[PDB]
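Structure record follows, encoded as structure tokens.
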Amino acid sequence: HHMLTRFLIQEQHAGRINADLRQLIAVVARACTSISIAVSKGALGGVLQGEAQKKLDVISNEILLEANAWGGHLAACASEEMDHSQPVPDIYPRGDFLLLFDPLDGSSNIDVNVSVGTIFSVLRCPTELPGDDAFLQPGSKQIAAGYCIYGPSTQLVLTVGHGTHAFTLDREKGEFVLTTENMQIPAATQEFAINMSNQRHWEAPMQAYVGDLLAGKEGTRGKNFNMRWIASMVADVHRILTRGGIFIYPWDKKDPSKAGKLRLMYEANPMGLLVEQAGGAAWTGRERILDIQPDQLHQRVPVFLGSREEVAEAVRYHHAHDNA
Amino acid sequence: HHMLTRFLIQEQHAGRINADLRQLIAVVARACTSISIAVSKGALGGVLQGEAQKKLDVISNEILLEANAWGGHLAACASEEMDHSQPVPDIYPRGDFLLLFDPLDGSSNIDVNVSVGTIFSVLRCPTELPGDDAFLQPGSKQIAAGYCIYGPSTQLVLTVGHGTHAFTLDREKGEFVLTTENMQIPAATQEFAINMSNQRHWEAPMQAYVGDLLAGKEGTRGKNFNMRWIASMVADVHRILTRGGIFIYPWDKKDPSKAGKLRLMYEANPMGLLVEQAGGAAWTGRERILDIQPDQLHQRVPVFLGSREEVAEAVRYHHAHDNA
Amino acid sequence: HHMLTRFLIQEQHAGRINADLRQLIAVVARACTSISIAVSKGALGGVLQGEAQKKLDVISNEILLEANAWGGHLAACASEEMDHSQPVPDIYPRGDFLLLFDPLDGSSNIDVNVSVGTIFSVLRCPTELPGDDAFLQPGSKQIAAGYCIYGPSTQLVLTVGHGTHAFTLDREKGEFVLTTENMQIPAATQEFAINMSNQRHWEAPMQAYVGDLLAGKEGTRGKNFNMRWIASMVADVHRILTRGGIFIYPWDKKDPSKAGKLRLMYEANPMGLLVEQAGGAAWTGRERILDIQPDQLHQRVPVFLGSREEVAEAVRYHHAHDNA
Amino acid sequence: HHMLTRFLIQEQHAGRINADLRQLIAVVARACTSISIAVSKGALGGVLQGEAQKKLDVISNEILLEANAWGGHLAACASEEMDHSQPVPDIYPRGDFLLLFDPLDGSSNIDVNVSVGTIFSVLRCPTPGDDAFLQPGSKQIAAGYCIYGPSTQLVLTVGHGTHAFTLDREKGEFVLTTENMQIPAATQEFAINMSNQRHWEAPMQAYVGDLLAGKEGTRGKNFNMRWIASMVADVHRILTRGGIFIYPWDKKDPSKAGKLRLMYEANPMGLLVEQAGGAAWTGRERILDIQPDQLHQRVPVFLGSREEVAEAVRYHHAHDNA
């Protein structure tokens, strides 16, 4: 059994991460392990709802505002629940990392015992007193991204720029163990995850693309598709990282001013990096997600994730519509 | 702090079950606890896929073949994986119960860390040497039904004909603890669970019904709908038992011979009883599921489950079609 | 590996126990598992003292008062804390067994994190409404005896008259696993367990025996001795079952009325049977413990247990004194 | 619940320890948690005997050789099983701490499911080799043990009292359960290996003889005894409810000044006992003031209720003057 701790040390010896980033990823993994234990207790733990999300915000903020006492090397932190990033305390040393944290992904499933998750992303603080504006970096500047999925088992999935790697929580030991090295997303797929209840709100190339999925063998695609919609992004992506697929949360006309539903800095960029590092693709329908220069901390963006040939197909429907 | 064991003893003192059925439900609860532990280990423990299902068939069949040594009171057992029911060994005392067991519900999710489940149903043996034909009873003759859902928490949901009750596994104690007495499914809902990739294969009233769901506030329904599709029936019904909704797996033309996807005896009937004991409805689109006289052990049937007003609406679409 | 449940089923197939006794031993094992969990939590869980003993009496008497609902087949129960035996409820089926239960052995160690234990003994009820007098049977009439020791690991040690066998609790599974079949106590030893602070109170042969142990190689014994005194009888005897030794709690003059410290029915007889079934000896210093016909349920008796040659030597000192 | 982690952070804000010592105590706590899990599995896990001790030395030396990767701030490490101290790797940053580690205390109990323990001691490296470890016990900046019993408990001092934490097995974290442990000044409980009686020097035999005489002798009260042969377990009882623990000089190996080791056992347990109001003496002098001569020096040990230790010392001083 190859422990996460030995894995991160090997990553330092290979020269892919320094000691500071290894220790920060350790703080996060311990935080996710704490979240895992609370979620695992269900209604017996008191965490089990907007109240469930607030309690995980509490557990997340506590661990992460003491993170520098235990090797976080953080300059600043940004939580999906808060409007602005928060500075690190003066009582502990400051480091050169910006952490973005999504404590509870898949909030509508917290009460109904479907897998939920935590998403995190690590940027570098530009070469002090970092503020909101220091977080506005393209996804390609992430130095680490990952999620922890709380399901029948607890799994940490991470990348530091050299592939995407899955670890399973050994509950007896309280430690993560490497269980899938170098996750690989097959280039093609017959499985799509999209919220089909939003069909009438999508723009035309999006409706044309899905309509062809439905037509299957009887349509231009020549093969039949199947679908899932878990409404935990972490669960849908975890399936895609395991056996391929496409996940889509596109623009829709319900809130026309909103560029999308998922947030660029907290969800699209970290999941996008994991997917690319597993050979997947991560696009808005029209452009590469990781190259967007963010304008605001909480910017929304359409998300097309997964098997790269299928993302390429979906992108083509959009470019062909724009060019018609 | 209300233990499953004490709950069942109260059910006996209340005259709703006898000692034999209480002990069989204890055997089932223990078997689900063991499955829960194996699934919680992920790739570290064993289940981690056809190989995953076979390992769960083995863990289930071992405990269930020694059930009568520990209060099973079983005359015969039928596993969803086996073509035929199996008699219990003569070495241990025989009882008056027929057990239907579905060891792994949601098999396409076993390897991707989404909630899966076990489903079980208890019939009374007619008054010796029962075979497949002794299992062919309408769902209204079930004396017990339930499932165990392996999610971020492990929960056992059960009925013996006096409401539907959810217990959460206390992993420290190894025992189930009552966490929701008298589950109730709201009469109306705005959530549907159906595999929308199969749209082109449905019959017309099914397509008209779903088309109106998609139309939402701009169509005859006057309200917008949201959807999930987890492809673990236990997870979708567990959401409905918690907060309402409708779950549909209808007839489709992909395999025109088959009346449906889900099995009447192993899936529709036990989940149907749980849903009804929580104030929901359980219909084929045209008739009450629990009144069907089964013709074969592995009979398939279309399934419309959940909020009773929404199920009623779906049924109306079909009855109106048959009458036009 | 080899589960306690399967071990007991094999013991039934061999004709050494029936189904009733197997199920009762299961009830006891389950109760010891629950005590084990409470004790493992220390001050965090509840047990942490007379209040500690009372909390264990409560946990024990609760499980044992519903024992016949789960296969206890008990006619009556006697706890060392209670003055008299208690009948089983008429609401549940009555059986043919008398259970003697010592919930907390080594009570002076409960608060200082030294191994403690539970001791139990099973008699058959003579062929209705058994009272204290039905329990007054010689230890040779026990059909089962054992203890559970709560140490750094939890282990159940048991005999049903065919050797003594140790099972280790697998905390992940919640089940006992065979870890030493056919425990054997070496005939000779160099280790003694006695409370040396009571030396001035012992009778003369007892003082000469121990004086010779102290003299070691420079005295008549020709070998040096080492000693322990834990003041948990289960821990001292557990060492003896693992690697030999002698355990002595003799008569003393502090309370001249009292024949000894340990109780014949709750401590001497069950531990004596386990030691004998492991090839050791169990004597009062003058006669075989398991042949004593008890006069009262709480009779005390001196105890010399362990390596049979060493026990024989201790007995010789006393017989030579009585004959001089 | 008050977590060890929050406890250690308050100790830094109070100015009693710095960030380096807090993180090192965290490394040790994690290492003891890992030992605890292995020991809890008994024969089911592997460790359960010299083979048991070696497997625990392996688990211990592995974690401690990467300690500086996780905030050890170690300059060198010394294990009871090894002859000499071991330097820390150059790959990781060096710190200012000397760690002495006793991975398995009470080795004769590892196979028979009686409480065993780990003992540790932290010195500061002067501004490193074996000789750098030769500091009197009064220069320890931290000491403690972890006792693996029915529960797992970490007992610790950093020079401001002695404090017990209980392992919450579900959470994997230590929780404060006895703040400011206090050893009552007097006692009626003694822990000594009575099988060694004929080997003790005269004052030791007279002292024990008077315990046995009890109310019929000069002491005027009756005594009771334990001997667990895990030092951590006997001292843990004393830290909970008083008593005296004695492993004296004896004539079986006359060259050896005692059985227990000064650096790995006597000094750390002595500091915990003193910080709980107890006393820690050789029978003739204060243990924590001894200047060690060698890393593995042995010393007689009299620990616990200070009045009872003082009584034991008086028997010896009177003998040396008679």
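As they're listed, the protein sequences go chains A, B, D and C.
According to the deposited numbering, the stretch in the first sequence is residues -2 to 45, 54 to 132, 135 to 331, in order.
According to the deposited numbering, the stretch in the second sequence is residues -2 to 45, 54 to 132, 135 to 331, in order.
According to the deposited numbering, the stretch in the third sequence is residues -2 to 45, 54 to 132, 135 to 331, in order.
According to the deposited numbering, the stretch in the fourth sequence is residues -2 to 45, 54 to 132, 137 to 331, in order.
Every residue, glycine too, gets a C-beta built ideally from N, C-alpha and C.
Closest by C-alpha distance to residue i, when choosing among the options
i	options	result
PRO301(D)	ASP329(D), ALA266(D), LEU312(D), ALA285(D)	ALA266(D)
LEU103(B)	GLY146(B), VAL119(B), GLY12(B)	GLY146(B)
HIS326(C)	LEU281(C), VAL244(C), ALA72(C), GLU210(C)	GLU210(C)
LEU269(D)	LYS60(D), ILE247(D), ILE296(D)	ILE296(D)
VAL184(D)	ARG293(D), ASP110(D), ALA26(D)	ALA26(D)
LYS261(A)	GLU225(A), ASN330(A), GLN206(A), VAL244(A)	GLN206(A)
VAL119(C)	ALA152(D), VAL241(D), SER65(D), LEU165(D)	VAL241(D)
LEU109(D)	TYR216(D), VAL310(D), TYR256(D), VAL36(D)	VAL36(D)
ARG3(B)	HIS89(D), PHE4(D), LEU70(D), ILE22(D)	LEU70(D)
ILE115(B)	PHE106(B), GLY43(B), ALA222(B), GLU85(B)	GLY43(B)
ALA321(C)	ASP259(C), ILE299(C), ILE255(C), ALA331(C)	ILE255(C)
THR187(B)	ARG250(B), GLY39(B), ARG99(B)	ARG250(B)
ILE156(D)	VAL217(D), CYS82(D), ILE34(D)	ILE34(D)
Neighbour flag for residue i against chain D, beta carbons, 8 Å
i	result
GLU317(B)	no
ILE34(B)	yes
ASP259(C)	no
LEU5(C)	no
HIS245(C)	yes
residue 50(C)	Examination of chain C shows a numbering gap from 45 to 54; residue 50(C) is inside it and therefore has no coordinates.
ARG307(C)	no
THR30(C)	no
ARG207(C)	yes
Chain A within 8 Å of residue i, Cβ atoms only
i	result
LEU221(B)	yes
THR249(B)	yes
Chain C contact for residue i (CB, 8 Å cutoff)
i	result
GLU8(A)	no
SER314(D)	no
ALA215(D)	no
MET203(D)	yes
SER37(D)	yes
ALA242(D)	yes
Cβ distance (whole Å) where residue i is taken to contact residue j below 8 Å
i	j	result
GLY122(D)	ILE192(D)	Contact doesn't hold; Cβ gap of about 18 Å is too wide.
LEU128(A)	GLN149(A)	6 Å
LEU248(A)	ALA285(A)	6 Å
Short CB-CB distance (under 8 Å) between residue i and chain B
i	result
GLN58(A)	no
residue 46(D)	Looking at chain D, the numbering goes 45 and then 54, which leaves residue 46(D) without any coordinates in this model.
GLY267(A)	no
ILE237(A)	yes
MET234(A)	yes
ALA26(A)	no
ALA40(D)	no
Contact test: residue i Cβ vs the ligand ZN heavy atom, cutoff 7 Å
i	result
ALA72(A)	Ligands in the displayed structure: none, and consequently the ligand ZN is not present.
Residue-level contact to chain G via CB, residue i, 8 Å cutoff
i	result
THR171(C)	Reference to chain G is not applicable here, since the protein chains of this structure are A, B, D and C.
Inset, instruction - Name, going along the chain, the residues of the stretch 164 to 197 of chain C whose beta-carbon falls closer than 8 Å to a beta-carbon of chain A. - result: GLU179, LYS180, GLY181
Legend entry - Contact between the stretch 20 to 30 of chain A and the stretch 152 to 168 of chain A (3+ Cβ pairs under 8 Å): yes
Inset, instruction - Please determine if the stretch 273 to 288 of chain A and the stretch 165 to 185 of chain A are in contact, where contact requires at least 3 C-beta pairs separated by less than 8 Å. - result: They touch, by the three-pair rule.
Legend entry - Contacting positions in the stretch 68 to 91 of chain B - beta carbon closer than 8 Å to chain D: Cβ contacts with chain D: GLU71, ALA74, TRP75, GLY76.
Legend entry - Near-chain B residues of the stretch 116 to 127 of chain A (beta-carbon distance less than 8 Å), N- to C-terminal order: Per Cβ criterion, the list reads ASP116, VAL117, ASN118, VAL119, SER120, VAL121.
Legend entry - chain D contacts made by the stretch 141 to 161 of chain C, where a contact means CB separation under 7 Å: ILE156, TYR157, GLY158, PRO159, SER160
Legend entry - Three-pair Cβ contact test at 8 Å for the stretch 313 to 329 of chain D versus the stretch 194 to 208 of chain D: yes
Legend entry - Three or more C-beta pairs below 8 Å linking the stretch 227 to 247 of chain B and the stretch 230 to 250 of chain A: yes
Legend entry - At least three beta-carbon pairs within less than 8 Å, the stretch 73 to 86 of chain B to the stretch 4 to 24 of chain D: yes
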